[PDB]
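Colleague: As given, the protein sequences belong to chains H and L, one line each in that order. Using PDB author numbering, the letters of the first sequence correspond one by one to residues 2 to 131, 137 to 216. PDB author numbering puts the last residue of the second sequence at 217; the count rises by one with no breaks. C-beta: ideal position from N, C-alpha, C; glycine also. Here you go, one structure.
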Amino acid sequence: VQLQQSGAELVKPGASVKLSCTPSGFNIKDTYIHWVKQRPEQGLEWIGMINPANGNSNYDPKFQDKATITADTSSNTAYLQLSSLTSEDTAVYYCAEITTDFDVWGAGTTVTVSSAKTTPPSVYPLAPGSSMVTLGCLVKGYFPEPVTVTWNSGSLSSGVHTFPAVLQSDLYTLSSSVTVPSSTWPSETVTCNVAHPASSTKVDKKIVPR
Amino acid sequence: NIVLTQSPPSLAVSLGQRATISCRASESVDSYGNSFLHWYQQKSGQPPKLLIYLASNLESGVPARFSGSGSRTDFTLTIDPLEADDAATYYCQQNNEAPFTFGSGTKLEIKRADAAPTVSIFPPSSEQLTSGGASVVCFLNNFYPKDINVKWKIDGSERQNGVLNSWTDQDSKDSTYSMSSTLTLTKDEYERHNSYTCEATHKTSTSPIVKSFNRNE
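Now the structure itself:
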């Protein structure tokens with residue numbers, strides 16, 4: 002049983018966006034659907050809920066002016082419409098069924114409110130200048151979030167640290183490290199794999215001794 | 001709104017020991033003897049997960065080291081004995097009266113033995129140089145506690161501009177933290193100097209851990 006949520010949104014300040022949420026395994030008509038906001042590094046905030054059986058929705062007063070929750074029981078889909086977007090609306094929005102003894106939570110839909118342009122990362126290999139060895143890759147100059155990083159296509163997952171991106175001049179940069187036994191590399195190949203869903207790109211960068 | 005105020009806002013507690021987190025409501029969340037109060041755990045990068053419902057009932061599949069107690073406006077979550085995988089932010093939430101508000105949140109840190117970082121330094125790649133830029137990267141990995149200081153030097157001189165730092169959340173397995181420090185420079189300026197140094201100072205020693213390279217080598 003899940004709540005499936007619509008895809009990431011990048012939208013201009015002042016515009017509107019409408020997010021959608023569709024259960025797999027149950028009907029919204031039989032329950033209540035809630036929306037919950039979380040700004041980057043901040044706490045959970047209950048926006049509101051709807052009963053799709055009678056059309057009644059209820060809101061936190063902080064959100065009632067710009068947020069509107071609707072539902073369509075013929076497509077089993079609930080919606081959250083946000084108007085007059087500002088940077089304070091950049092957040093993850095969770096669709097949830099919150100009841101007295103049980104919850105179901107969606108994975109969340111990210112909304113970025115920005116005029117900046119979508120751009121793929123450059124990915125650079127990080128090999129030592131000269137028991138265990140640490141390697142890395144630098145993922146530079148992409149927009150918007152997120153990227154996902156793996157090593158050897160998921161086969162190396164121990165010893166990995168992928169650092170939160172930092173924002174500069176409308177571009178993000180992150181790095182990822184991996185640590186392997188010194189006899190593993192460079193005899194065996196180590197590759198970081200970087201996906202950027204906004205640009206429909208992936209990059210596989212092999213770490214090569216300099 | 002019914003306002004839910006958590007305390008403390010953060011704490012660090014040793015493995016094997018008891019952690020207790022408090023939630024205070026601005027008015028009662030009870031009706032007919034039931035307290036309409038949830039507790040949620042939120043791990044790094046994940047949605048929140050329901051732990052406790054009706055203030056004191058354990059959600060199916062949650063371990064029994066989590067318990068809740070209290071009534072009306074005063075509630076507690078206790079985790080005992082604390083495990084490493086319990087590193088997370090915890091929220092109370094009420095469903096007595098709309099809006100169904102969440103508490104302010106409590107960040108729980110697992111206390112472990114001090115551990116010095118493993119420091120590694122990386123010159124710009126040729127790919128990045130070929131494309132016109134130069135970033136020097138320093139990893140400071142698997143250390144505890146989280147507080148750490150990094151200083152960059154170019155030919156012996158301290159450089160503060162163009163440095164950006166990022167920290168991981170606490171590791172779920174070993175309870176350490178890691179940090180990355182990136183010094184960004186024009187390629188011109190990079191090729192203008194020779195020795196590049198990353199120095200880490202952590203409470204585990206009064207001597208910095210110093211990693212270095214020379215561009216012309």
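Following the continuous alpha helix (DSSP H) through residue 130(L), name the residue where it begins and the one where it ends.
Modeller: Unbroken alpha helix (DSSP H) run through residue 130(L): 126-130.
Colleague: Name the DSSP beta bridge partners of residue 101(L), please?
Modeller: The partner list for residue 101(L) (beta bridge, DSSP) is empty, contrary to what the question assumes.
Colleague: So, do the stretch 153-162 of chain H and the stretch 94-103 of chain H have three or more beta carbon pairs nearer to each other than 8 Å?
Modeller: These segments do not touch.
Colleague: Please list the terminal residues of the continuous beta strand (DSSP E) segment that includes residue 199(L).
Modeller: Note, residue 199(L): beta strand (DSSP E), 195-201.
Colleague: From this set, 32(H), 216(H), 122(H), 171(H), which residue's C-alpha is nearest residue 55(H)'s C-alpha?
Modeller: Selected option, being the one with the closest Cα: 32(H).
Colleague: To the nearest angstrom, how far is the alpha carbon of residue 199(H) from that of residue 31(L)?
Modeller: Cα to Cα, residue 199(H) sits roughly 53 Å from residue 31(L).
Colleague: Which same chain residues end up closer than 8 Å to residue 216(L) when comparing Cβ atoms and leaving out the 5 residues on each side of it in sequence?
Modeller: Excluding residues within five positions, the ones whose Cβ falls inside 8 Å are 194.
Colleague: Are there 16 or more other CB atoms within 10 angstroms of the CB of residue 30(H), so buried, or fewer, so exposed?
Modeller: Under this definition residue 30(H) is an exposed residue.
Colleague: Hey, residue 169(H) and residue 162(H): beta-carbon distance below 8 Å or not?
Modeller: Not in contact: residue 169(H) and residue 162(H) (Cβ atoms no closer than 8 Å).
Colleague: Quick one: Cα of residue 55(L) to Cα of residue 109(H), how far?
Modeller: Cα-Cα distance, rounded: 26 Å.
Colleague: Can you list, in chain order, the stretches of the beta strand (DSSP E) that have 3 or more residues and sit fully within the stretch 69-114 of chain L?
Modeller: Correct list: 74-79, 88-94, 106-111.
Colleague: Taking only beta carbons into account, state which residues of the stretch 97-111 of chain H come closer than 9 Å to chain L, listed in chain order.
Modeller: Cβ contacts with chain L come from 97, 99, 100, 101, 102, 103, 104, 106, 107, 108, 109.
Colleague: Just checking: is the beta-carbon of residue 144(H) within a distance shorter than 8 Å of some beta-carbon in chain L?
Modeller: Taking Cβ atoms only, chain L reaches closer than 8 Å to residue 144(H), which makes this a yes.
Colleague: So residue 59(H) contacts chain L; which residues on that side make the cut at Cβ distance below 8 Å?
Modeller: In chain order: 98, 99.
Colleague: If we call anything under 8 Å between Cβ atoms a contact, is residue 120(H) one with residue 77(H)?
Modeller: For residue 120(H) and residue 77(H), no; Cβs fall outside 8 Å.
Colleague: If we ignore side chains and look at the alpha-carbon of each, how far apart do residue 74(H) and residue 85(H) end up?
Modeller: In a straight line, the C-alpha of residue 74(H) is about 27 Å away from that of residue 85(H).
Colleague: Return helix, strand or coil for residue 97(H), following the three-state DSSP convention.
Modeller: Strand, per DSSP.
Colleague: Taking Cβ positions, are residue 119(L) and residue 200(L) nearer each other than 8 Å?
Modeller: Yes, these two residues count as a Cβ contact at 8 Å.
Colleague: Use the C-beta contact count for residue 6(H): other C-beta atoms within 10 angstroms, 16 or more gives buried, fewer gives exposed.
Modeller: So residue 6(H) counts as buried.
Colleague: Cβ closer than 8 Å: which chain H residues qualify as neighbours of residue 131(L)?
Modeller: Neighbours of residue 131(L) on chain H, chain order: 123.
Colleague: Can you name, in chain order, every residue of its own chain whose Cβ lies under 6 Å from the Cβ of residue 146(L), other than the five neighbours on each side?
Modeller: The residues are 177.
Colleague: On the three-state DSSP scale, how would you describe residue 147(H)?
Modeller: Strand at residue 147(H).
Colleague: Using 8 Å as the limit for Cβ to Cβ distance, is residue 44(H) near chain L?
Modeller: Interface residue, yes.
Colleague: Do residue 101(L) and residue 11(L) count as a contact pair if the criterion is CB distance below 8 Å?
Modeller: Not a contact, by the Cβ cut-off of 8 Å.
Colleague: Taking residue 121(L) as the query, report the chain H residues whose CB atoms sit under 8 Å from its CB, ordered along the chain.
Modeller: Near residue 121(L) (Cβ distances below 8 Å), the residues of chain H are 130.
Colleague: Please look up how many angstroms separate the CB atoms of residue 88(H) and residue 41(H), rounded, as I've assumed it's under 8 Å.
Modeller: Rounded, the Cβ-Cβ distance is 11 Å, inconsistent with contact.
Colleague: Under 8 Å between the Cβ atoms of residue 138(H) and residue 187(H)?
Modeller: Cβ distance < 8 Å, so residue 138(H) and residue 187(H) count as in contact.
Colleague: I'd like to know whether the C-beta of residue 197(L) is nearer than 8 Å to at least one C-beta of chain H.
Modeller: Output row for residue 197(L): interface = no.
Colleague: For chain H, check one thing: does any of its Cβ atoms lie closer than 8 Å to the Cβ of residue 170(L)?
Modeller: By this cut-off, residue 170(L) is not an interface position.
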